[PDB]
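Student: Hey, dropping work19.pdb in here, PDB, C-alpha atoms and all ligand atoms:
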ATOM      1  CA  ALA A   1     -19.801  -2.944  22.127
ATOM      2  CA  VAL A   2     -20.463  -2.452  18.434
ATOM      3  CA  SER A   3     -17.388  -4.616  17.840
ATOM      4  CA  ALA A   4     -19.114  -7.566  19.497
ATOM      5  CA  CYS A   5     -22.652  -6.480  18.582
ATOM      6  CA  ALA A   6     -25.053  -9.430  18.673
ATOM      7  CA  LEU A   7     -27.277  -8.007  15.936
ATOM      8  CA  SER A   8     -26.552  -6.509  12.509
ATOM      9  CA  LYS A   9     -24.142  -3.587  12.125
ATOM     10  CA  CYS A  10     -24.968  -0.674  14.426
ATOM     11  CA  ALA A  11     -24.316   3.061  14.143
ATOM     12  CA  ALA A  12     -23.120   4.736  10.944
ATOM     13  CA  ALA A  13     -19.693   5.819  12.188
ATOM     14  CA  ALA A  14     -18.473   3.321  14.786
ATOM     15  CA  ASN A  15     -20.844   4.857  17.333
ATOM     16  CA  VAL A  16     -20.546   2.157  19.988
ATOM     17  CA  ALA A  17     -22.453   4.277  22.498
ATOM     18  CA  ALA A  18     -25.350   4.517  20.059
ATOM     19  CA  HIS A  19     -25.119   0.739  19.790
ATOM     20  CA  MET A  20     -24.870  -0.180  23.471
ATOM     21  CA  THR A  21     -27.633   2.333  24.148
ATOM     22  CA  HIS A  22     -29.806  -0.472  22.806
ATOM     23  CA  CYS A  23     -27.343  -3.386  22.532
ATOM     24  CA  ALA A  24     -26.597  -5.329  25.714
ATOM     25  CA  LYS A  25     -27.614  -8.938  25.079
TER
HETATM   26 ZN    ZN B 101     -25.624  -3.363  18.056
END
Turn this file's structure into structure tokens for me.
Tutor:
Amino acid sequence: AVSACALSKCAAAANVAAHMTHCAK
């Protein structure tokens, strides 16, 4: 979840899916 993203800010419009697509650690 972009809200709990481990790395810097993801997506350019709260696109969590775009984030989790590559963020899961
Ligand atoms: Zn992320």
Student: Apply the PyMOL selection byres (((not hetatm)) within 6 of (chain B and resi 101)) to the displayed file and report the matching residues as a list in words.
Tutor: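 Matching residues under the PyMOL selection byres (((not hetatm)) within 6 of (chain B and resi 101)) are residues 2, 5, 7, 10, 19 and 23 of chain A.
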Student: List as a ChimeraX atom specification the protein and nucleic acid residues near residue 20 (chain A), meaning an atom at most 8 Å away when only C-alpha atoms are counted, but skip any in the same chain fewer than 4 places from it.
Tutor: /A:1-2,16,24
Student: First collect every listed atom of region 20-24 of chain A; then fit an axis-aligned box around them, widen it by 3 Å on each side, and give centre and edge lengths in Å to one decimal, as lines of an AutoDock Vina configuration file.
Tutor:
center_x = -27.3
center_y = -1.5
center_z = 24.1
size_x = 10.9
size_y = 13.7
size_z = 9.2
